[PDB]
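Worth knowing before you read on, the calculation uses all heavy atoms, side chains too, and leaves out hydrogens, waters and symmetry mates. We name chains A, B, ... by the order of the sequence lines, and we start the count at 1 in each one.
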Amino acid sequence: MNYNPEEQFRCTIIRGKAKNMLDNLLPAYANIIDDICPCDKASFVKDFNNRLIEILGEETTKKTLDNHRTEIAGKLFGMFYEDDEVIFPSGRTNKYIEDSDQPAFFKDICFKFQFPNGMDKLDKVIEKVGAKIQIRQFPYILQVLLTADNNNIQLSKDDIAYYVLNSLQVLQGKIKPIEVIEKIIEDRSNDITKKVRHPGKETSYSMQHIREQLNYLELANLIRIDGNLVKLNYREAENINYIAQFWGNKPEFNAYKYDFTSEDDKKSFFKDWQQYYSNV
DNA sequence: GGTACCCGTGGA
DNA sequence: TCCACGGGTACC
Ligand code: NA
């Protein structure tokens, strides 16, 4: 009730590195990890980077290699985890190694994603927790898209940006998808269109994490993003419906049971997040 | 000072 | 416009 999208909140995900070359990089990440793990952390860094540089090219800096390892293979794709000082392949990696199913890899990412989460830097976690954010955003997006179709309208990427993925109230879990749809219909009837932009900032700051969230849903074969519209792929109706049905659920991983001024909890938060996100 | 997400920036 | 390098930044 009282949905007001005017309350806006930038809520990022990790910036991508693997989209352009995904069909080479995803097998590389997985095979590197499967081959060299389990192993000690020190060995992992060296051996991972030495293999990845053969894919990315000899001119690639160590910093870039490290960032691929930590940001993408580790955090965003959840491909390995640590336990008692040894690095292991994750459940998600193990499954992909058996089935080679790239859409299923991304379906699982979309199923598990939430805000808040343990991908973010601690200061950003504290911000999101301070704002009372709690949402499973991919179930939610899918339900918004179903509800749009049920009401005979179609949504643009900008609609999903402003009304959903940058809306504080939606991200707080306060708003039903039908409220979003009804508001979009009213706004359009008043010739109001909306976009997400930030003062003095380039469009990547405002939109790249929004576009890229949608990309993962497209890689899962659940939607198709064209120049104008974001549309469901009803060939995958069974998966769309299964995932959409979680739209009203609290996040499976509860960020609010951690004390982020406690040194022990800070550490448990990130470890427990990785176990939830990466493993079965 | 080191590490590792954050994000300005520009080639593709 | 997309998206990723690698410096920026702030936690580690
Ligand atoms: Na709710």
Side-chain angles (χ1 to χ4, degrees), chain A residues 9-26 28-29 40 42-45 48-49 52-82 87 106 109 113 115-130 156-158 160-161 165-166 195-219 223-230 255 258-266 268-271 273-274 277-278:
Chain A
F9 182 94
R10 182 173 186 264
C11 188
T12 61
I13 64 156
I14 283 168
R15 188 165 289 186
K17 308 174 200 288
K19 190 72 170 66
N20 283 346
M21 296 202 53
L22 188 57
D23 288 276
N24 280 324
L25 279 170
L26 190 60
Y29 292 152
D40 64 285
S43 296
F44 181 67
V45 172
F48 182 99
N49 283 14
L52 182 59
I53 197 170
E54 294 301 317
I55 303 299
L56 291 184
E58 68 184 346
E59 61 286 30
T60 306
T61 65
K62 177 173 176 287
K63 179 57 167 289
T64 294
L65 295 168
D66 286 340
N67 286 344
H68 273 255
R69 194 183 65 253
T70 71
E71 299 192 67
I72 305 300
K75 296 284 188 168
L76 184 63
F77 291 178
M79 297 185 79
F80 64 86
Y81 70 96
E82 165 176 348
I87 307 308
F106 287 100
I109 283 171
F113 230 114
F115 300 120
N117 63 57
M119 299 194 199
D120 299 335
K121 190 176 179 69
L122 187 67
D123 56 325
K124 303 290 196 209
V125 175
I126 290 171
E127 285 175 17
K128 290 178 188 178
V129 163
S156 71
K157 175 170 44 99
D158 289 324
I160 299 169
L165 284 174
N166 216 67
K195 293 188 183 176
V196 175
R197 296 293 185 271
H198 295 88
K201 308 304 288 199
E202 297 305 315
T203 298
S204 63
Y205 183 79
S206 303
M207 282 294 293
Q208 182 167 354
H209 56 285
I210 297 176
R211 169 57 185 261
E212 289 183 346
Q213 284 176 91
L214 295 170
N215 283 350
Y216 298 124
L217 205 58
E218 187 179 65
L219 286 163
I223 67 167
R224 186 114 256 320
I225 305 166
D226 68 51
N228 292 159
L229 292 181
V230 174
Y258 298 87
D259 179 2
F260 293 112
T261 68
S262 160
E263 295 305 320
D264 285 344
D265 280 14
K266 285 175 189 176
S268 291
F269 176 75
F270 291 108
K271 189 190 182 176
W273 164 262
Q274 193 71 7
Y277 181 69
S278 78

Asker: What's the CG-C1' distance between A:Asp158 and C:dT1, to the nearest Å?
Answerer: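 Between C1' of C:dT1 and CG of A:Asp158: 13 Å.
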Asker: Could you say whether A:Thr60 or A:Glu212 is positioned toward the 5' end of DNA chain C, judged by the nucleotide with the nearest heavy atom to each?
Answerer: A:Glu212
Asker: Does any part of the side chain of A:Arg10, heavy atoms only, come nearer than 4.5 Å to the side chain of A:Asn166, both counted from C-beta?
Answerer: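 Yes, side chains in contact.
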Asker: Please verify the inter-ring angle class for A:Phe106 with A:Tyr216; under 30° counts as parallel, over 60° as perpendicular, anything in between as tilted.
Answerer: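 Plane angle under 30°, so parallel.
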Asker: Give me the distances for all protein-to-nucleotides 8-10 of chain C N/O pairs that come in under 3.5 Å?
Answerer:
residue : atom : partner  : partner atom : Å
C:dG8   : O6   : A:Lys63  : NZ           : 2.7
C:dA10  : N3   : A:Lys121 : NZ           : 2.9

Asker: When the distance from CG of A:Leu76 to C1' of B:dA4 is rounded to whole Å, what number comes out?
Answerer: 14 Å
Asker: From CE of A:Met207 over to P of C:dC2, roughly how many Å is that when rounded to an integer?
Answerer: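 My rounded result for the distance is 8 Å.
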Asker: With heavy atoms under 4.0 Å as the rule, sort A:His198 into base, sugar-phosphate or nothing.
Answerer: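 The answer is nothing, as A:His198 stays clear of every strand by at least 4.0 Å.
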Asker: Mind calculating the distance between CD1 (A:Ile72) and P (C:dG6) to the nearest angstrom?
Answerer: 15 Å
Asker: Quick one: A:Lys128 NZ to B:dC6 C1', roughly how many Å, whole number?
Answerer: 11 Å
Asker: Would you say A:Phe48 and A:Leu65 make side-chain contact, with heavy atoms under 4.5 Å?
Answerer: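 In short, these two side chains do not touch, never coming nearer than 4.5 Å.
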Asker: Scan nucleotides 7-12 of chain B nucleotide by nucleotide, 5' to 3', and note B when protein non-hydrogen atoms come under 4.0 Å of the base, S if they reach only the sugar-phosphate, - if neither.
Answerer: BBB---
Asker: According to ring pair (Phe, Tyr, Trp, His ring centres under 6.0 Å), who are the partners of A:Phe113, at least two apart in sequence or on a separate chain?
Answerer: A:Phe138, A:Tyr277
Asker: Grab the two heavy atoms, one from A:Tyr29 and one from A:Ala18, that are nearest each other, plus how far apart they are.
Answerer: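 It is OH-CB, 3.8 Å.
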Asker: Please confirm whether the shortest side-chain N or O distance from A:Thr61 to OP1 or OP2 of C:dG6 is below 4.0 Å.
Answerer: yes
Asker: So if I take every side-chain heavy atom of A:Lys157 and compare against C:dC2, C:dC12, C:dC3, which nucleotide ends up nearest?
Answerer: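 Selected nucleotide (nearest to the side chain): C:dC2.
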Asker: Look at the side-chain N and O atoms of A:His68 and state whether any lies under 4.0 Å from the OP1 or OP2 oxygen of C:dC5.
Answerer: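 A:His68 to C:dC5 OP1/OP2: side-chain N or O found under 4.0 Å.
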Asker: Are A:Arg69 and A:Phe80 in a cation-pi contact, defined as NZ or CZ under 6.0 Å from the six-membered ring centre and within 45° of the axis?
Answerer: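 No, A:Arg69 does not lie over the aromatic ring of A:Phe80.
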Asker: To the nearest Å, give me how far apart NZ (A:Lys62) and P (C:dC5) are.
Answerer: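 Computing the A:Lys62:NZ to C:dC5:P distance gives 15 Å.
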Asker: Looking at A:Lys157 and A:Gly227, would you say the former's side chain and the latter's main chain have a donor-acceptor pair under 3.5 Å?
Answerer: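 Judged by distance alone, no pair lies under 3.5 Å.
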Asker: Can you check the A:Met119 CE to B:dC5 P distance for me, whole Å?
Answerer: 11 Å
Asker: So which heavy atom on A:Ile14 is nearest to which on A:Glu71, and how close?
Answerer: CD1-O, 3.6 Å
Asker: To the nearest Å, how far apart are A:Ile53 CD1 and C:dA4 P?
Answerer: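 Rounded to whole Å, this separation is 18 Å.
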Asker: side-chain contact (heavy atoms from CB on, under 4.5 Å), that's the test. Do A:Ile109 and A:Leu76 meet it? Break it down for me.
Answerer: CA-CA 9 Å; A:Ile109 283 171; A:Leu76 184 63; over 6 Å; no
